[PDB]
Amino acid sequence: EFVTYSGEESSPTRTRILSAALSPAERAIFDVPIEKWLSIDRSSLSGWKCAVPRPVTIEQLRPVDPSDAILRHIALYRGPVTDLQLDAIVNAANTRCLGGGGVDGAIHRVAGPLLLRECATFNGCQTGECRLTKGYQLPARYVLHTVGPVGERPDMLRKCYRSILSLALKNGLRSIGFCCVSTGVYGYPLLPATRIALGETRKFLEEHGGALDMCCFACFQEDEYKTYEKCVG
């Protein structure tokens, strides 16, 4: 059984979303127990498709240093997080966790409407916490929806990364595709955030050796790439 929230536990909107009719094929996908989604052959569901035409597999990722017993498990990817075929990818969401713009809107677009439907089953997400859902039409199996702080709040951003890494550990997920949380419209300075991102990930990797195969940092913008590229050296 999975741990699907990292914290401790509009309303008409969610009831509305949940009352919409589903096809039998859609209902079948949505009914798959969350713990079983990791290993299922998703093409046994007649209504499933991957909405990304050429996903990026873990064998196509470039470790920063295969020699290093830490950096062999970190990689940088240039492009959108939704491309990565990993156990989970990270969504930079908001309190309501009912979609929106930026990466959040992109992840809901690619995954399809069942993602929103799953998000409507629970009561949003607190800043610093993380919700686990299936990822439907994404090549990735799960989505880890975290809510980043608005503005530079280092303790909150650190919490986001620990919450993500925690649910990955508690549920036996071995790869994670990250996006650069809070550094878009939430206006968290990119360099301090990147240092926190890589910092927590390194710490975790040292404290839980062998727990993760790969932590991929997806850089949607060219500067995001270069920033991470040097912050890892």
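Numbers for residues come from their place in the sequence shown, where the first is 1.
Q: At least a third of the other compared entries: do they leave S10 without coordinates?
A: Looking at the other entries that model residues on either side of it, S10 is missing from at least a third.
Q: I want to verify a possible break: how many residues of the deposited sequence sit between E222 and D223 without any coordinates (none, 1 to 3, 4 to 9, 10 or more)?
A: Missing residues, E222 to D223: none.
Q: Report the stretch with the higher mean CA temperature factor, choosing between 73 to 81 and 132 to 140 on the basis of the entry.
A: Mean C-alpha B-factor is greater for 73 to 81.
Q: Select between 60 to 68 and 31 to 39 the stretch whose C-alpha atoms have the higher average B-factor in the entry.
A: If you average the C-alpha B-factors of 60 to 68 and of 31 to 39, the larger mean comes out for 60 to 68.
Q: Splitting the chain's C-alpha B-factors into thirds, which one does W48 fall into?
A: Lowest third.
Q: Among the modelled residues of this chain, does the Cα B factor of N91 put it in the lowest, middle or highest third?
A: CA B-factor rank for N91: lowest third.
Q: C-alpha B factor of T13, ranked within the chain: lowest, middle or highest third?
A: Answer is highest: the recorded C-alpha B-factor places it there.
Q: What third of the chain does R153 rank in for C-alpha temperature factor, lowest, middle or highest?
A: For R153, whose C-alpha B-factor we compare with every modelled residue in the chain, the answer is the highest third.
Q: Determine, from the deposited record, the chain-internal third of the Cα B-factor for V185: lowest, middle or highest.
A: As the PDB entry reports it, the C-alpha B-factor of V185 lands in the highest third of its chain.
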